[PDB]
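K.L.:
Next up is a structure, given as structure tokens.
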Amino acid sequence: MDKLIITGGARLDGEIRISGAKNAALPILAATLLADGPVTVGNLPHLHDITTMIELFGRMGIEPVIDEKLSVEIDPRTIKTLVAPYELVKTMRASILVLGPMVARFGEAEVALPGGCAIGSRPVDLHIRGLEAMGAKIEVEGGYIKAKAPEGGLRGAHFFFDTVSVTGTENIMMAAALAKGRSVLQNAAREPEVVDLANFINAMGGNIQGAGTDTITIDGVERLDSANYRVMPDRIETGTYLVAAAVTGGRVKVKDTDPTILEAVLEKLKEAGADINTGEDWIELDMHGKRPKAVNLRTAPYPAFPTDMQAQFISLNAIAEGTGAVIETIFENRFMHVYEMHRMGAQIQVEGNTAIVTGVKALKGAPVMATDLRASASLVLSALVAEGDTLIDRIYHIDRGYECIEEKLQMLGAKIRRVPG
Amino acid sequence: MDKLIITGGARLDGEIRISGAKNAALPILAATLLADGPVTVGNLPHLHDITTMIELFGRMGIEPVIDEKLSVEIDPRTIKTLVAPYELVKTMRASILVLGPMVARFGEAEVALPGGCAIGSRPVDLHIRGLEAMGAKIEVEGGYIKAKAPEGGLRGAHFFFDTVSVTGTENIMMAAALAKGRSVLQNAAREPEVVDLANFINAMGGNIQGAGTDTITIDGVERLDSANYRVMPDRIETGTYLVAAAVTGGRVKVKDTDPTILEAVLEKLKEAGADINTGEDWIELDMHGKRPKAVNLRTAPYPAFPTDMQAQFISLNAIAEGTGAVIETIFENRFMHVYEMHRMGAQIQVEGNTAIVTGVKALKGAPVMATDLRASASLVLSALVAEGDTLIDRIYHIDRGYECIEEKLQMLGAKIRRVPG
Amino acid sequence: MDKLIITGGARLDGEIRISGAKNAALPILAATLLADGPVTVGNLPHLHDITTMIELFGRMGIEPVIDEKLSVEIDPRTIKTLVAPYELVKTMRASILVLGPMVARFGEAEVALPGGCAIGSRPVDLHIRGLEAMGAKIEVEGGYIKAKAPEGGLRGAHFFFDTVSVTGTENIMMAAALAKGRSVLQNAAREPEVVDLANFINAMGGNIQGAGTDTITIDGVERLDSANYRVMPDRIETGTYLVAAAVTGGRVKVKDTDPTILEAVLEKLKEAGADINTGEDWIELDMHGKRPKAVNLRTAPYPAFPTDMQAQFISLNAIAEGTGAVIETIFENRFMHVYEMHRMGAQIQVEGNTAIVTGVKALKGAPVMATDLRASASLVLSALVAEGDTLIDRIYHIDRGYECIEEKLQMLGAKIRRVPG
Amino acid sequence: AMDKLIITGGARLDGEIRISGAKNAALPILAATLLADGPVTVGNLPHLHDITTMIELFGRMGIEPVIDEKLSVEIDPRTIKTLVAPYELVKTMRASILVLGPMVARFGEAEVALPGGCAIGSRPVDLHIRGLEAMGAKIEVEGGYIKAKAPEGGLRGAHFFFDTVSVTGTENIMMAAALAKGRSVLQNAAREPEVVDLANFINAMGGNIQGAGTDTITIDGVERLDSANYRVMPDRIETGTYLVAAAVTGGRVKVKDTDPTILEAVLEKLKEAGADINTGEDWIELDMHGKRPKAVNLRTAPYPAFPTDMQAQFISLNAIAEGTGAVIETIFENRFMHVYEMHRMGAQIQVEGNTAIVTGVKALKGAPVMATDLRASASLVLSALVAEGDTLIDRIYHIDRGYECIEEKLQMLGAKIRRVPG
Ligand SMILES: C=C(O[C@H]1[C@H](O)[C@@H](CO)O[C@H](OP(=O)(O)OP(=O)(O)OC[C@H]2O[C@@H](n3ccc(=O)[nH]c3=O)[C@H](O)[C@@H]2O)[C@@H]1NC(C)=O)C(=O)O
Ligand SMILES: C=C(O[C@H]1[C@H](O)[C@@H](CO)O[C@H](OP(=O)(O)OP(=O)(O)OC[C@H]2O[C@@H](n3ccc(=O)[nH]c3=O)[C@H](O)[C@@H]2O)[C@@H]1NC(C)=O)C(=O)O
Ligand SMILES: C=C(O[C@H]1[C@H](O)[C@@H](CO)O[C@H](OP(=O)(O)OP(=O)(O)OC[C@H]2O[C@@H](n3ccc(=O)[nH]c3=O)[C@H](O)[C@@H]2O)[C@@H]1NC(C)=O)C(=O)O
Ligand SMILES: C=C(O[C@H]1[C@H](O)[C@@H](CO)O[C@H](OP(=O)(O)OP(=O)(O)OC[C@H]2O[C@@H](n3ccc(=O)[nH]c3=O)[C@H](O)[C@@H]2O)[C@@H]1NC(C)=O)C(=O)O
Ligand SMILES: *[C@](C)(OP(=O)(O)O)C(=O)O
Ligand SMILES: *[C@](C)(OP(=O)(O)O)C(=O)O
Ligand SMILES: *[C@](C)(OP(=O)(O)O)C(=O)O
Ligand SMILES: *[C@](C)(OP(=O)(O)O)C(=O)O
Ligand SMILES: [Cl-]
Ligand SMILES: [Cl-]
Ligand SMILES: [Mg+2]
Ligand SMILES: [Mg+2]
Ligand SMILES: [Mg+2]
Ligand SMILES: [Mg+2]
């Protein structure tokens, strides 16, 4: 119903505060189930995926308490139904993150098996085999992953991920924290959300070492004592606002972030002709009104260029000077945004997993449709440098991946407004 | 929005009547814009894409005279607004078919540039380039393809398609019908709907030779007179009901159709172990209660295996004996239905354009979700064999590509029912 | 140990005669095995693959009249051995073309199963299956395809090609020419050499209709009598010399050719900036000293852009102005020539089946290596516009696909010389 | 003209063999001797043609090595004359590009022939150049040579980020940074074991390399690197090949002088195939107990994921396994030459893009085949052990480049293989 009308031309200039990592808050909220008492999770971003995670906890019997804005107190001792119903899992496949801790703490779980997702192929085979490696008897029946740990809880084991998985590493890490004995995860996801999740379990009395590297070692404990924690900054949001400034040729000082969690993104911004300055908890980018130069990029697991920034750089190459090759290795058909940009005058040829972008002088305003919680931000970025008005429909997707995108751009001098239907 | 509830286990047996081709009716209806008098189009299918095309004519000032048993009289001389609004084109990209004949008959047209489509990469550069080859000056602005022909009208020319395009051939074919001089379409699409359009334009007075081969030659004319013309049978609908019998191990006679327009589909049904007989206007498949045998297939332009039948054969391979390799060369990442079938207990490994389907003995009923007008029929087909109830949501997609799917399956003895919201 | 030493910088200018189609001569020669009397093939190109095909006839016991250069007389009635040995088949996989006619004419054959080729995936499964569909029992043993036709010869049948195959269509076409009754080749290869093969078999008394279209209906005959037929002109050779003049900015009049067998290639040369003029059997190209413009291309089955010209246009894009996207669909990783051009200063990024060629002002001479009988001609072309000398090694590959390439370039004024050792 | 291999299948393997030094570690370690200014001794070198080729490259530069003791080659780069890696040797081995980094950092300049094409797939070297340019070295590709020239005062350290994981790419910049003034930080670096072994070799010569093994390597430059005796690590690819050799035949084998931690992905896939495996400080013991292997799915990727050098070997395993398995290549998407040679031996393998859908059969049939890949062609030797009758493999000069006398080791396990010079 809600829409965003954006008038291009405006040069961005200002500073905004970054929200907590969406992909760190979800696994940490799921990790609260491992605790044996009330746990307060701070620096949460005000976006819909956090709200869907709160509903899920409601459906299970847990009643979250908001002591302050961007903060939730979770008490897992009031849990009644060990079920992640399909009515909610169908809306957010990240709900599967509850499977691991729920099985390792309470002994069983019935999580709905995720269906299809527009982005591409996103099976959860590794999530299931990882829990089986720890003795759990799992079966897919009636659309649910009916898991049940063996008597005496889960057992520690050496499990190898054939493919690097972020949420896969997270489920098995959480389960390994309460399993009996030592668990060793091989070819683990090295994303900072994983590290931030480990630091949460360790704060609670967990024995996790290796997070950040390909080999995570977990020494099981019988019970994780409650302890408060503040979620890390969102590396994707941070990057998205740096590109917003870059695309428009203006400047921005992104605050409350971390420069060490997006080296690849900052390095691509320098190749495009941007000047970057950084502090301990802030980043400052300034193009000085220069038309960027096309850059090539290849998505891959962290610390490589993240796929959640792939779309954002296509909107940069769209008005750049020269040809840029934006390649996908994670999700090879994540280019819906490209076909919407065609309407705005962007010249891009997509062949398989590669998007060849030919930079034109400027874009043209046209009504577009959002369809990806992170990639559709590129439509918001392209609209900022498009002659005329750009009406972006189906923004509920954008609301899932970004905290008040309209308000943050308005502080940077952007001419953008929300239009409720 | 409505839903479809299906109880599997029943072995289908009966006979139905095939409707008019959706992909033939769409260009044939668009082709009525070329007429210089009232034209009647028969055997139209009762599905939503046709309803959207009628609305498109409504926007342009034409008020199609619908009648009982699906017949539409169109007098294009009452046209008023030479525009195909984005509000209608965003719901169906096949609306671009009006560009060609509208530029050739009236000298100008403003048709919204199609946006993104979940299926995959579907650009329209060849549509635009083909009209540019005939002297028309085109420019993309405000999200619209603003086409203008010269004073004398469109001039015939030799145009070569770099990629085989069904709707591309149709647009350029229709434009060349009123153009001055001969036009030769090289590397043209050979689909039977292209031939059916050619024969429709010939009934109106046109002179189109070669339709159905790699080269189409058009000797342009001044005007096109009235004509009454029934469209061809739908080959995808025909193939879909043949699989419905094959998955359930039953029989089905398909009336009012044509066996010559789907030799590839019938051949893959022989490999699966199906007994097939054909007549002048009918096809009869009968599995004799046998479990299907796995089959490997590869989608390609007609007469190769059609991409619109790719999903239906995955349903067939899901309960087949052995492993089957289902490959896509047209829409490489068109496998959303595979992840929905995972919920029903199917075992399919998807890697890029290949779907390795490992057949199991039985599927399990569970709530699924449709997303593709033709491919989502596979979910209905998988539900016919699965154990228990299968609740299919978002059936408006199915209602676009198939004429009352529940009423036809009901004649074959299937437990299927429409449940409104 | 032969090598070509080219000195770049010369602007080509002249005219040359095109040889007979190499890929038409091979199957037409193989078709002579079907005959029941002396058959003479004319207009043969003097290249190694024809020599290798003649050695095979020698090993089979046939003593062909090799008096004349451009023609050969063959009497299959004097055959002594129904075998295509591994010693020869390993050097040329096109040797499999003798399988079909040998099985149909002599009731059995044992042809070595081709091994790997550095180009890409080239299995011969459609060849084996097509013969099996005609009632022939076939097994693979000792690295040989041992086929055996039933008593009364092969039976005609409807056979569907899952993938468009040139040599596949040619084998089943030849076998069906002597089979009992009608045969229907569904989704046949439309390449001009298949048409040239059909007309040859028809000249011997056969009845092959639909050659050049997607469906070929062959009515088998009992005996194929003598005929004196001249093969068609080589379309790939034509295109290579047209590019030779296009890269050097010169001109060239190609004689004894046909413009209708390479419309896709002629169209891409116009998009590059070359002025083309044609006739019944000639094609004249002239760049008039202009630097070409970058062009995109997609290889596919004829009449689409041929894969045997994909490398030739990569050298053209190297010297071109702008970025050119060269895409492969037949052999998705046939880019060895690209990595050889990096040595000559060419800026080409390769990702899967797509080559992003970024044009530069000039190439630098350096010793390179040939690996493909058709694509390595691009190394010879790049050397024409490279500064200094370019020493090409392993030219035996080029001698297979081109009739004394240096002598024809000498006619056009190119500084090219052959030096053994 | 050249050697061949004749293999008679059916024999169940049983025995033990000693693993040689890592080819891909011995190659960069030898090139790293150029950084030193003294008599550096390198032990445990494998006897394979590529080590001989690297020695020839040193000879053309004026550095003839002296063998101190068995398998211990002592190199002293102070006697170097010419700073050029000729095309005549680089065209035969593209790994020769590894001398560029150290030759530029120590001596100031270098001319290394730009490698051409490799049948395996797309293997450009743009990151090797981009990394040296990030350290101030001006480079140009003229006459087919990478004419690199460092600025006065040596190379300057820099924070270079690899857009794609490159093993040899990570090694060249690591060696260059070893002597470059200032700190160098390689981001998204290759995590392969040979990178770690190389880092420990440079540290043994007085270097300062941290984070080798992890995706972030920090290097601190020094004035010079003194002499030190060092032994190269075991070859993980050789280890895996012989573990499959025992597995395809339903037999067993103990692998000595190796390391299980350097091929976890390989050992897990063998357990999924139904192989009983035991490990220790420096050995691996596998035994199929005569059971037919189970079909397994694979996905090649940068270490520690399943290595692409082991992809071909597991196809020969699936070729005779129970069920259908998918072998996927993310690195070299068209590295399947061996598959078409396996078809000749009776294997059922459908290739589409980078996926090899292997459907297993009771057994293979012997047939003459041809090798064309220094590592992947070992699969032809493996599939020949389970092929009825004789199998004549040709162009084995490729196999000699990546394996130390493959016939004498299979003969130690009881395999009916023999080398035929005819
Ligand atoms: C799109 C989002 O961000 C995504 C982000 O794009 C991806 C990749 O960086 O990693 C997270 O997803 P994820 O954990 O489901 O994805 P991953 O598991 O890393 O998948 C990577 C690759 O591994 C494959 N994969 C994954 C899991 C599995 O069991 N098997 C498997 O084969 C997938 O096919 C995919 O191609 C983020 N989501 C969360 C909740 O952490 C989002 O916020 O929803
Ligand atoms: C999905 C539908 O059916 C589809 C059917 O799947 C396909 C393939 O057979 O051909 C029709 O689409 P279409 O005309 O857009 O498809 P094609 O034009 O043949 O596209 C084939 C390929 O060519 C490429 N392509 C197409 C047009 C173009 O200008 N440029 C281009 O590069 C596309 O990327 C695609 O990969 C049907 N639609 C209609 C209205 O005729 C539907 O009912 O909407
Ligand atoms: C390389 C040469 O030219 C080639 C030329 O590149 C191609 C494409 O037009 O068609 C001929 O090969 P071919 O007939 O072996 O190749 P095709 O059969 O067309 O193969 C096309 C595609 O179909 C697939 N294919 C073909 C046959 C088969 O049984 N199975 C199969 O999967 C292949 O994987 C390939 O990707 C020419 N050769 C001859 C002797 O006619 C040469 O000079 O030998
Ligand atoms: C085949 C051999 O082993 C190979 C082994 O297969 C590969 C992969 O693990 O890593 C080494 O090659 P390499 O270092 O040249 O390969 P990598 O640099 O890792 O290349 C991996 C991928 O990165 C890409 N790549 C690499 C470098 C570069 O500058 N740009 C680039 O795009 C390539 O296209 C390739 O697809 C081994 N060789 C040596 C001497 O260390 C051999 O012994 O020759
Ligand atoms: C993808 C984004 O999955 P999700 O919505 O997060 O469950 C989708 O549905 O498109
Ligand atoms: C695809 C299915 O195209 P269309 O609806 O026909 O415009 C989509 O939009 O998802
Ligand atoms: C390719 C070109 O196949 P062929 O020689 O024609 O059998 C090769 O072997 O390199
Ligand atoms: C590959 C293997 O590279 P190299 O020979 O090692 O330079 C090849 O040439 O095929
Ligand atoms: Cl697609
Ligand atoms: Cl590991
Ligand atoms: Mg969703
Ligand atoms: Mg739609
Ligand atoms: Mg060859
Ligand atoms: Mg080589």
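Going through the structure tokens in order, the chains are called A, B, and so on, while each chain numbers its residues from 1 and the ligands are numbered from 1 in the order shown.
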I need the chain B residues near chain C as a list in words; criterion: at most 8 Å, counting only C-alpha atoms.
P.N.:
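Listed by rising number, the hits are residues 160, 161, 162, 163, 186, 187, 213, 214, 264, 267, 297, 298, 300, 302, 303, 304 and 305 of chain B.
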K.L.:
Could you save those same residues with N, CA, C and O atoms as a PDB file, in the first residue's frame?
P.N.:
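Written file, selection-v1.pdb:
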ATOM      1  N   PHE B 160      17.241  -9.059 -38.594  1.00  0.00           N
ATOM      2  CA  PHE B 160      17.776 -10.298 -38.029  1.00  0.00           C
ATOM      3  C   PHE B 160      17.696 -10.329 -36.500  1.00  0.00           C
ATOM      4  O   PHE B 160      18.208  -9.431 -35.833  1.00  0.00           O
ATOM      5  N   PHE B 161      17.066 -11.372 -35.958  1.00  0.00           N
ATOM      6  CA  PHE B 161      16.952 -11.542 -34.507  1.00  0.00           C
ATOM      7  C   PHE B 161      18.190 -12.261 -33.974  1.00  0.00           C
ATOM      8  O   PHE B 161      18.453 -13.399 -34.353  1.00  0.00           O
ATOM      9  N   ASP B 162      18.949 -11.594 -33.101  1.00  0.00           N
ATOM     10  CA  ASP B 162      20.159 -12.186 -32.510  1.00  0.00           C
ATOM     11  C   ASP B 162      19.801 -13.353 -31.605  1.00  0.00           C
ATOM     12  O   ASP B 162      20.572 -14.303 -31.478  1.00  0.00           O
ATOM     13  N   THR B 163      18.638 -13.258 -30.968  1.00  0.00           N
ATOM     14  CA  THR B 163      18.130 -14.304 -30.094  1.00  0.00           C
ATOM     15  C   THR B 163      16.724 -14.635 -30.570  1.00  0.00           C
ATOM     16  O   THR B 163      15.967 -13.736 -30.932  1.00  0.00           O
ATOM     17  N   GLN B 186      14.691 -12.688 -40.297  1.00  0.00           N
ATOM     18  CA  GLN B 186      15.706 -13.741 -40.223  1.00  0.00           C
ATOM     19  C   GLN B 186      15.873 -14.245 -38.791  1.00  0.00           C
ATOM     20  O   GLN B 186      15.859 -13.456 -37.849  1.00  0.00           O
ATOM     21  N   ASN B 187      16.038 -15.562 -38.651  1.00  0.00           N
ATOM     22  CA  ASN B 187      16.164 -16.246 -37.350  1.00  0.00           C
ATOM     23  C   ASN B 187      14.888 -16.007 -36.533  1.00  0.00           C
ATOM     24  O   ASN B 187      14.928 -15.702 -35.334  1.00  0.00           O
ATOM     25  N   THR B 213       8.983 -21.413 -40.145  1.00  0.00           N
ATOM     26  CA  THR B 213      10.371 -21.696 -40.524  1.00  0.00           C
ATOM     27  C   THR B 213      11.282 -20.603 -39.965  1.00  0.00           C
ATOM     28  O   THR B 213      10.804 -19.630 -39.370  1.00  0.00           O
ATOM     29  N   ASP B 214      12.589 -20.767 -40.167  1.00  0.00           N
ATOM     30  CA  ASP B 214      13.591 -19.800 -39.684  1.00  0.00           C
ATOM     31  C   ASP B 214      13.491 -18.412 -40.340  1.00  0.00           C
ATOM     32  O   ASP B 214      14.031 -17.437 -39.811  1.00  0.00           O
ATOM     33  N   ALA B 264       7.522 -33.066 -28.967  1.00  0.00           N
ATOM     34  CA  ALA B 264       8.546 -33.176 -27.928  1.00  0.00           C
ATOM     35  C   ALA B 264       7.970 -33.674 -26.606  1.00  0.00           C
ATOM     36  O   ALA B 264       8.580 -34.516 -25.938  1.00  0.00           O
ATOM     37  N   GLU B 267       6.895 -37.347 -26.885  1.00  0.00           N
ATOM     38  CA  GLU B 267       8.073 -38.220 -26.890  1.00  0.00           C
ATOM     39  C   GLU B 267       8.610 -38.463 -25.471  1.00  0.00           C
ATOM     40  O   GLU B 267       9.010 -39.583 -25.145  1.00  0.00           O
ATOM     41  N   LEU B 297      15.374 -33.969 -19.767  1.00  0.00           N
ATOM     42  CA  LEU B 297      14.816 -33.068 -20.784  1.00  0.00           C
ATOM     43  C   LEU B 297      15.626 -31.782 -20.863  1.00  0.00           C
ATOM     44  O   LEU B 297      16.376 -31.445 -19.941  1.00  0.00           O
ATOM     45  N   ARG B 298      15.477 -31.075 -21.977  1.00  0.00           N
ATOM     46  CA  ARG B 298      16.203 -29.839 -22.208  1.00  0.00           C
ATOM     47  C   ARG B 298      15.293 -28.871 -22.948  1.00  0.00           C
ATOM     48  O   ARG B 298      14.907 -29.130 -24.095  1.00  0.00           O
ATOM     49  N   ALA B 300      14.124 -25.637 -25.041  1.00  0.00           N
ATOM     50  CA  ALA B 300      14.705 -24.862 -26.135  1.00  0.00           C
ATOM     51  C   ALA B 300      13.569 -24.335 -27.014  1.00  0.00           C
ATOM     52  O   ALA B 300      12.414 -24.738 -26.824  1.00  0.00           O
ATOM     53  N   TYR B 302      10.847 -23.830 -29.959  1.00  0.00           N
ATOM     54  CA  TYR B 302      10.061 -24.813 -30.721  1.00  0.00           C
ATOM     55  C   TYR B 302      10.815 -25.200 -32.009  1.00  0.00           C
ATOM     56  O   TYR B 302      11.442 -24.327 -32.613  1.00  0.00           O
ATOM     57  N   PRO B 303      10.755 -26.461 -32.464  1.00  0.00           N
ATOM     58  CA  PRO B 303       9.989 -27.560 -31.873  1.00  0.00           C
ATOM     59  C   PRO B 303      10.635 -28.328 -30.702  1.00  0.00           C
ATOM     60  O   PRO B 303      10.191 -29.440 -30.388  1.00  0.00           O
ATOM     61  N   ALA B 304      11.645 -27.752 -30.051  1.00  0.00           N
ATOM     62  CA  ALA B 304      12.277 -28.420 -28.914  1.00  0.00           C
ATOM     63  C   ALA B 304      11.299 -28.431 -27.741  1.00  0.00           C
ATOM     64  O   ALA B 304      10.203 -27.870 -27.840  1.00  0.00           O
ATOM     65  N   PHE B 305      11.686 -29.061 -26.635  1.00  0.00           N
ATOM     66  CA  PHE B 305      10.820 -29.125 -25.457  1.00  0.00           C
ATOM     67  C   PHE B 305      10.513 -27.700 -24.984  1.00  0.00           C
ATOM     68  O   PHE B 305      11.421 -26.885 -24.899  1.00  0.00           O
TER      69      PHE B 305
END
K.L.:
Could you list the protein, DNA and RNA residues that have any atom within 12 Å of ligand 9, counting only C-alpha atoms and all ligand atoms, and write them as a ChimeraX atom specification?
P.N.:
/A:120,332-336,339,350-354 /B:116-123,307,328-335,352-353
K.L.:
Neighbouring residues of ligand 12 are defined here as those with any atom at most 7 Å from a ligand atom, counting only C-alpha atoms and all ligand atoms; list them as number ranges by chain.
P.N.:
B: 90-92, 117
K.L.:
Please produce an output containing N, CA and C atoms for each residue in the selection, written as a PDB file, in the first residue's frame.
P.N.:
ATOM      1  N   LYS B  90       2.368  -3.501 -16.310  1.00  0.00           N
ATOM      2  CA  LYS B  90       3.106  -4.028 -15.157  1.00  0.00           C
ATOM      3  C   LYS B  90       2.537  -5.366 -14.677  1.00  0.00           C
ATOM      4  N   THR B  91       1.270  -5.641 -15.002  1.00  0.00           N
ATOM      5  CA  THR B  91       0.607  -6.901 -14.611  1.00  0.00           C
ATOM      6  C   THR B  91       0.749  -7.992 -15.671  1.00  0.00           C
ATOM      7  N   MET B  92       1.120  -7.597 -16.891  1.00  0.00           N
ATOM      8  CA  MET B  92       1.300  -8.543 -17.995  1.00  0.00           C
ATOM      9  C   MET B  92       2.181  -7.917 -19.079  1.00  0.00           C
ATOM     10  N   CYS B 117      10.431  -9.495 -14.023  1.00  0.00           N
ATOM     11  CA  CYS B 117       9.583 -10.677 -13.998  1.00  0.00           C
ATOM     12  C   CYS B 117      10.329 -11.746 -13.231  1.00  0.00           C
TER      13      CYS B 117
END
K.L.:
Name each residue within 12 Å of ligand 7, counting only C-alpha atoms and all ligand atoms, as a PyMOL selection string.
P.N.:
(chain C and resi 23+26+48-49+52+86-96+112-124+167+308+331+334+336+370-376+396-398+400-401) or (chain D and resi 119+337+340-341+370-372)
K.L.:
What's around residue 196 in chain A at 10 Å? Count only C-alpha atoms, leave out sequence neighbours fewer than 3 positions away in its own chain, and write the answer as a compact mmCIF listing (two decimals) with N, CA and C atoms, in the first residue's frame.
P.N.:
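Below you can see result39.txt, which holds the result:
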# COMPACT_ATOMS: atom_id res chain seq x y z
N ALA A 21 22.69 -4.36 13.12
CA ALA A 21 22.67 -5.30 12.01
C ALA A 21 21.42 -6.15 12.06
N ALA A 24 22.24 -9.80 12.33
CA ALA A 24 22.91 -10.15 13.59
C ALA A 24 21.85 -10.19 14.68
N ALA A 25 20.87 -9.29 14.58
CA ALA A 25 19.78 -9.22 15.56
C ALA A 25 18.88 -10.46 15.48
N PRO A 27 19.69 -13.76 14.47
CA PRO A 27 20.29 -14.91 15.15
C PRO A 27 20.48 -14.72 16.66
N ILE A 28 20.73 -13.49 17.10
CA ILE A 28 20.89 -13.20 18.54
C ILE A 28 19.55 -13.33 19.26
N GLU A 191 31.27 -14.27 8.20
CA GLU A 191 30.56 -12.99 8.31
C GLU A 191 30.60 -12.47 9.76
N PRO A 192 30.69 -11.14 9.96
CA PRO A 192 30.72 -10.55 11.31
C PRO A 192 29.49 -10.88 12.19
N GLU A 193 28.34 -11.14 11.57
CA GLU A 193 27.14 -11.51 12.31
C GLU A 193 27.43 -12.78 13.12
N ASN A 199 30.03 -13.84 20.35
CA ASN A 199 30.32 -12.95 21.48
C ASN A 199 29.14 -12.85 22.44
N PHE A 200 27.94 -13.12 21.93
CA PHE A 200 26.70 -13.11 22.73
C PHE A 200 26.63 -14.39 23.58
N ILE A 201 26.89 -15.53 22.96
CA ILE A 201 26.87 -16.82 23.65
C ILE A 201 28.02 -16.90 24.66
N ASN A 202 29.17 -16.33 24.30
CA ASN A 202 30.34 -16.30 25.20
C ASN A 202 30.08 -15.41 26.41
N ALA A 211 35.17 -18.12 15.72
CA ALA A 211 34.24 -17.28 14.96
C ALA A 211 35.02 -16.18 14.25
N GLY A 212 34.80 -16.07 12.94
CA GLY A 212 35.52 -15.11 12.11
C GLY A 212 36.44 -15.88 11.17
N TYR A 229 23.26 -7.60 26.03
CA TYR A 229 24.18 -7.42 24.90
C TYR A 229 23.61 -6.45 23.86
N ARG A 230 24.48 -5.68 23.21
CA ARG A 230 24.04 -4.74 22.17
C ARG A 230 24.53 -5.22 20.80
N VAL A 231 23.59 -5.37 19.88
CA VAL A 231 23.87 -5.86 18.53
C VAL A 231 24.80 -4.93 17.75
N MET A 232 25.64 -5.53 16.90
CA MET A 232 26.61 -4.79 16.08
C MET A 232 25.94 -3.90 15.03
N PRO A 233 26.69 -2.93 14.47
CA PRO A 233 26.12 -2.08 13.40
C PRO A 233 25.88 -2.85 12.10
K.L.:
Show me which residues are within 9 Å of ligand 4 counting only C-alpha atoms and all ligand atoms, and format the list as a ChimeraX atom specification.
P.N.:
/C:349-351 /D:23-25,27-28,50,93-96,98,120-130,162-171,190,192,194,301-303,307-309,330-333,373-376,401-402
K.L.:
Excluding range 1-8 of chain C and its own-chain neighbours fewer than 6 positions away, which residues fall within 9 Å of it when counting only C-alpha atoms? Please give them as a VMD selection string.
P.N.:
chain C and resid 248 365 367 380 382 to 396 406 414 to 421
K.L.:
Determine, counting only C-alpha atoms, which protein, DNA and RNA residues have an atom within 10 Å of an atom of range 317-322 of chain C; residues of the same chain fewer than 2 positions away are not included. Present the result as an MDAnalysis selection string.
P.N.:
(chainID A and resid 322:323) or (chainID C and resid 247:248 272:273 290:296 311:315 324:326 338 341 344:348 356:363 382 385:386)
K.L.:
With only C-alpha atoms considered, list every residue of chain D at most 12 Å from chain A, as a PyMOL selection string.
P.N.:
chain D and resi 159-165+185-192+211-216+261-269+271-272+296-307+328+330-331+353
K.L.:
CA of residue 256 in chain C to CA of residue 284 in chain C: how many Å, to one decimal?
P.N.:
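Taking CA of residue 256 in chain C as the start and CA of residue 284 in chain C as the end point, the length is 11.8 Å.
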K.L.:
Select from range 115-175 of chain C everything DSSP, run on the backbone, classes as alpha helix (DSSP H), then give the selection as a PyMOL selection string.
P.N.:
chain C and resi 125-132+166-175
K.L.:
List the neighbours of residue 204 in chain B out to 8 Å using only C-alpha atoms; skip same-chain residues closer than 3 positions along the sequence, and give me the result as JSON, numbers by chain.
P.N.:
{"B": [35, 200, 201, 224, 225, 226, 227]}
